[PDB]
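One line per chain: the protein sequences are A, B, C and D, in this order. Residues 204 to 271, 276 to 288, 295 to 507 (the UniProt record's numbering) make up the first sequence, in order. Residues 1 to 97, 112 to 145 (the UniProt record's numbering) make up the second sequence, in order. Residues 58 to 141, 144 to 169 (the UniProt record's numbering) make up the third sequence, in order. Here the fourth sequence is numbered in the UniProt record's numbering, starting from 2 and rising by one per residue. The next block holds one structure in the form of structure tokens; read it before the comments.
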Amino acid sequence: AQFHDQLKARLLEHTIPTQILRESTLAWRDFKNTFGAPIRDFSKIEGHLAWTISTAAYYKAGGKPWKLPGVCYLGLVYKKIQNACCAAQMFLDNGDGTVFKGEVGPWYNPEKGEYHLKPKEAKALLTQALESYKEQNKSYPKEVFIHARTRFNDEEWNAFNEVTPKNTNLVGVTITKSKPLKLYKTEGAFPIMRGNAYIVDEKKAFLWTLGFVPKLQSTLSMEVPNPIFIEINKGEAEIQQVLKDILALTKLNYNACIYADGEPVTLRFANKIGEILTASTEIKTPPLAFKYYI
Amino acid sequence: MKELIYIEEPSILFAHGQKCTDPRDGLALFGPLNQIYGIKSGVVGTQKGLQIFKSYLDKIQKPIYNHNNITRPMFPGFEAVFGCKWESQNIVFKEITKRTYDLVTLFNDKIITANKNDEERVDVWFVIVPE
Amino acid sequence: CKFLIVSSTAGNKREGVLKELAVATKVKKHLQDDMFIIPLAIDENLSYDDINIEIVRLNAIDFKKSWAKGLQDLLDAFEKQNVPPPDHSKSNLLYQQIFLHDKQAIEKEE
Amino acid sequence: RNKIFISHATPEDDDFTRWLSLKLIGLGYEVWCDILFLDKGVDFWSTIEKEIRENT
DNA sequence: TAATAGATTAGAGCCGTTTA
Ligand SMILES: [Mg+2]
């Protein structure tokens, strides 16, 4: 179970991009179920398959396939080991480049199930993101966007707003999946098109990051879509702009060449880097770039 | 009865300043932003895995068609999309011949031997795991 | 100026493409320019034999391997043959006019 | 008549012929190579003959 | 310490490739 993550973690100290491909993946005709079709039937997706691998390769070889100001998107995720908080970051350069580095150096919360970040660790994480923004864009961010698969406590939020500098607004968002609102469509046989959202409240809403797409004339998700519940529990912001930002974050999946993923890419990337990091022993100042984990 | 608003889909940029919503079509039409000259691929695995990777990398140059070309766009071919060479005959191959720990360690130490000791440069190592 | 004919196993013997090709041959004789019809061989199964009678005479472009190499062959031939400021924004605004017209988020209430 | 012609096997023997051709143009001599100068979308054999017996 | 709930949350696996 733990080959891939441990291998990447043991490769981290010497920064070398690596892509792991299964032998049953590249030549999937050979490996049959011994009674019929191959174990991995990829005929309908082969070309798209040849897309993603290629894109992944082109990402790990130092290429930027596609890009997306003054806003730092800092999506953090907790990992159960003691707990480890690890984040993924993105900004926008002065030269219109979209820096999509990570936020690594996981912060250890000793409580077994408290998916909350300790005050000192929260200060360290937020100030690390701030210094990354300063060294990247030569000035402090106008806005930092923190979002996670969890709600946020109070005392930690005091730590965030006390470590942050002036002229810096922080908004905390929680994205949760499989919230039981499986909205269908009355007229047709095809589900609600992706891009539609139900505003439950001024701070909470539902978003359909996945579903029917006009351009593809098909659904990103089979059966019925599972909308993501987006709750602005802490911080101040308007629901439309945050919803736009979440839909934009659902575009930067460099791990695959797919139209869009059902969850924001920032959380998924932070989660993957966290899985790789906690797979093996502790390493100081890890690479922090996703070509080494993803 | 509650309204369902629509958020305009964000445009992911591509080469020549042109924007599109689907990454596949945007890549196959305009291409990626920065041009690497080529991918010096590295491979770690058995000889049969090398044959599989080489055949697949040869197929990548050709175009592969999805069964539903209008739902998921097809692959033009690697050089067609990215404009960088990833041929299969210029690969740096390293043959191999608690169980998770030593299974990882084989690839770890072979890859470290190749990156450190060997002269040939590798942009990214394609570990072709067995099955 | 030029007449590129795709040389797949289906696009080399169909009635319509043959009609366009024959008119291309006659207009080629009209301008007496030998660099008019260019076959683009894109079919792996279709060999350089079994190809059409009019187009077997002509120097094809190898698209069968590495479609980008064939495309580069196309540009270098076009520059060599003096075929007449590139702006990809034209194709950017043209791609969704024709290819994405039944496929868009139109304004309708559901 | 002022040209130099190089005939060769087309699939296998390309590297030497291309190298020799490019060296020859570098020296100033005119060359006609079927993998360098034979233009796409022409009658390849007809142009080969015309070059053999017109400018060679 | 055990239990009964809701609310969050996290991990793992598993099949299909998105109706033309
Ligand atoms: Mg991947």
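Just so you know, even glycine gets a beta-carbon here, dropped at the ideal spot from N, CA and C.
Identified DSSP bridge partners for residue i
i, result
"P141 (chain C)", "Looking at the DSSP assignment, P141 (chain C) forms no beta bridge with any residue, so it has no partner."
"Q222 (chain A)", "B:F140"
"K94 (chain B)", "B:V44"
"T432 (chain A)", "A:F425"
"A418 (chain A)", "A:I443"
"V278 (chain A)", "A:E356"
"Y411 (chain A)", "A:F419 and B:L4"
"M303 (chain A)", "A:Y280"
"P96 (chain C)", "C:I62"
"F75 (chain B)", "B:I64"
"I118 (chain C)", "C:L97"
"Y285 (chain A)", "A:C298"
"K85 (chain B)", "B:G38"
"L39 (chain D)", "According to DSSP, which records beta bridges pairwise, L39 (chain D) is partnered with nothing at all."
"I12 (chain B)", "B:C20"
8 Å contact criterion, which residue i and residue j should meet: CB distance rounded
i, j, result
"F30 (chain B)", "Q47 (chain B)", "No, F30 (chain B) and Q47 (chain B) are not in contact; Cβ-Cβ is about 39 Å, not under 8 Å."
"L281 (chain A)", "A342 (chain A)", "5 Å"
"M92 (chain C)", "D44 (chain D)", "Between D44 (chain D) and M92 (chain C) the Cβ distance is about 10 Å, and since that is not below 8 Å, they are no contact."
"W33 (chain D)", "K51 (chain D)", "About 10 Å separates the two Cβ atoms, so there is no contact after all."
"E145 (chain B)", "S246 (chain A)", "Actually they do not touch by this definition, with Cβ atoms about 18 Å apart."
"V386 (chain A)", "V455 (chain A)", "6 Å"
"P440 (chain A)", "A164 (chain C)", "Between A164 (chain C) and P440 (chain A) the Cβ distance is about 17 Å, and since that is not below 8 Å, they are no contact."
"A461 (chain A)", "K314 (chain A)", "With 8 Å as the limit, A461 (chain A) and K314 (chain A) do not qualify as a contact, their Cβ atoms being about 17 Å apart."
"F135 (chain C)", "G127 (chain C)", "Between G127 (chain C) and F135 (chain C) the Cβ distance is about 13 Å, and since that is not below 8 Å, they are no contact."
"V284 (chain A)", "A361 (chain A)", "6 Å"
"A80 (chain B)", "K94 (chain B)", "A80 (chain B) to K94 (chain B), Cβ: 30 Å. No contact."
"residue 273 (chain A)", "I91 (chain B)", "There are no coordinates for residue 273 (chain A) in this structure, because the numbering of chain A runs from 271 directly to 276."
The alpha helix (DSSP H) enclosing residue i, as first and last residue numbers
i, result
"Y346 (chain A)", "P332 to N350"
"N374 (chain A)", "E368 to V376"
"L215 (chain A)", "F206 to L215"
"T498 (chain A)", "Element bounds for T498 (chain A): n/a, residue is neither H nor E."
"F403 (chain A)", "Looking at the DSSP string, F403 (chain A) is not in any alpha helix (DSSP H), and its letter there is neither H nor E."
"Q156 (chain C)", "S148 to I157"
"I7 (chain D)", "No alpha helix (DSSP H) holds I7 (chain D); the beta strand (DSSP E) holding it covers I5 to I7."
"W46 (chain D)", "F45 to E55"
"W254 (chain A)", "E249 to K263"
"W231 (chain A)", "Unbroken run through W231 (chain A): none, as it is neither H nor E."
"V437 (chain A)", "It is not in any alpha helix (DSSP H) - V437 (chain A) carries neither H nor E in the DSSP assignment."
"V478 (chain A)", "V478 to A492"
"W20 (chain D)", "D16 to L28"
"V80 (chain C)", "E72 to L88"
Euclidean distance between Cα positions of residue i and residue j
i, j, result
"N56 (chain D)", "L103 (chain C)", "35 Å"
"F403 (chain A)", "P438 (chain A)", "11 Å"
"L4 (chain B)", "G73 (chain C)", "48 Å"
"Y411 (chain A)", "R481 (chain A)", "23 Å"
"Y506 (chain A)", "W139 (chain B)", "13 Å"
"residue 522 (chain A)", "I39 (chain B)", "With chain A covering only 204 through 507, there is no way to say anything about residue 522 (chain A)."
"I7 (chain B)", "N66 (chain B)", "29 Å"
"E13 (chain D)", "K351 (chain A)", "56 Å"
"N466 (chain A)", "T389 (chain A)", "18 Å"
"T18 (chain D)", "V136 (chain B)", "32 Å"
"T255 (chain A)", "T66 (chain C)", "29 Å"
"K347 (chain A)", "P354 (chain A)", "8 Å"
"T494 (chain A)", "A300 (chain A)", "18 Å"
"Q453 (chain A)", "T463 (chain A)", "15 Å"
"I99 (chain C)", "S64 (chain C)", "6 Å"
"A297 (chain A)", "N484 (chain A)", "11 Å"
"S345 (chain A)", "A492 (chain A)", "26 Å"
"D161 (chain C)", "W269 (chain A)", "26 Å"
"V44 (chain B)", "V118 (chain B)", "12 Å"
"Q155 (chain C)", "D22 (chain B)", "11 Å"
Terminal residues of the beta strand (DSSP E) in which residue i lies
i, result
"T387 (chain A)", "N382 to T389"
"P23 (chain B)", "From DSSP, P23 (chain B) is part of no beta strand (DSSP E) but of the alpha helix (DSSP H) over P23 to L29."
"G315 (chain A)", "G315 to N322"
- Message: By the 7 Å beta-carbon criterion, what residues does the stretch 15-30 of chain B contribute toward chain C?
- Response: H16, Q18, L29 and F30
- Message: Beta carbons nearer than 8 Å to chain C: which residues of the stretch 31-55 of chain B have them?
- Response: none
- Where the stretch 14-40 of chain D meets chain C: residues whose CB sits under 8 Å from a CB there: Per Cβ criterion, the list reads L39 and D40.
- Message: Please identify, using Cβ separations under 9 Å, the residues of the stretch 384-418 of chain A that lie next to chain C, in order along the chain.
- Response: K398, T399, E400, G401, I405, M406 and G408
- Select from the stretch 426-456 of chain A all residues with a C-beta closer than 7 Å to any C-beta belonging to chain C, and list them in chain order. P427, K428 and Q430
- Query: If contact means a Cβ-Cβ distance below 7 Å, which residues of the stretch 92-124 of chain C contact chain B?
  - Reply: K122, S123 and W124
- Listed from N- to C-terminal order along the chain, which residues in the stretch 114-126 of chain B have their beta-carbon within a distance smaller than 9 Å of any beta-carbon of chain A? Residues of the stretch 114-126 of chain B that bring their beta carbon within less than 9 Å of a beta carbon in chain A comprise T114, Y115, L117, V118, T119, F121, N122, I125 and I126, in sequence order.
- Query: Any residues in the stretch 151-167 of chain C with a beta carbon nearer than 7 Å to a beta carbon of chain A? Which ones, in chain order?
  - Reply: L159, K162, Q163 and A164
- With 7 Å as the limit, tell me which residues of the stretch 123-137 of chain C have their beta carbon closer than that to any beta carbon of chain D; keep them in chain order. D130, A134 and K137
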